[PDB]
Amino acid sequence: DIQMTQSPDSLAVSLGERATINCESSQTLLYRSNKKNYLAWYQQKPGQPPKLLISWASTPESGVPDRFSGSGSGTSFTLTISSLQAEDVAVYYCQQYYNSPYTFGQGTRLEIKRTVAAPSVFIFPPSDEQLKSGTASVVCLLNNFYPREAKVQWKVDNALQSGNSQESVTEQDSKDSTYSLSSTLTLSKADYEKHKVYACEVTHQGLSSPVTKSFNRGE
């Protein structure tokens, strides 16, 4: 079968600047009888189905903006947004339809690029309602930062936690182009009442050193 490999996996372009999303097939998509490259591009915006953007490599659909254009032939291909806009934030997929199965690429997540912003770190202990019900969730908020890449490490009495903390990252905000992150440390009520000190140590590009917000239990 034919394997489709896009480059990069994630792309960050500033508003106004050129966005270049490549797609490399394993074997050739050009057929020499009709001179047609059997490749289609797609645009999947957040929370919507995939929409057909370009077919036959270099033929866009009716209604597609002029800034969008598809180029390349044979093995190498490219999707080109000449000037990026706010509406263009989407996951883009190429697809060969030369031989069955008509496989897609892994996809290229296109985001807006802005200036570096450090997170406003917060920490929240388990509530009195949750401790009554018989459990303990410690939330650590990282609010309004760019870029997406941020490390959260939990410490309990200065001992590094591992395999007991799930996190969640929002999509890019439409107004200010930042991300937010919420890491939740789940412990039992018995394990909560043993230890005193609790802290999340956030590391980020915008931060000069790794900031550490914390609390003492029952204070």
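Residue positions are given as counts along the sequence shown, with the first one as 1.
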* Asked: Quick one: higher average CA temperature factor, 153-161 or 176-184?
  -> 153-161
* To do: Going by the average Cα B-factor in the PDB entry, point out whether 132-140 or 119-127 comes out higher.
  => 132-140
* Lowest, middle or highest third: where is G70 by C-alpha B factor in its chain? -> lowest
* Asked: Lowest, middle or highest third: where is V169 by C-alpha B factor in its chain?
  -> lowest
* To do: Among all modelled residues of this chain, ranked by Cα B factor, put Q43 in the bottom, middle or top third, i.e. lowest, middle or highest.
  => lowest
* Asked: Split the chain's modelled residues into thirds by Cα B-factor; is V202 in the lowest, middle or highest one?
  -> middle
* Asked: Against its chain's modelled residues, does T20's Cα B factor rank lowest, middle or highest third?
  -> middle
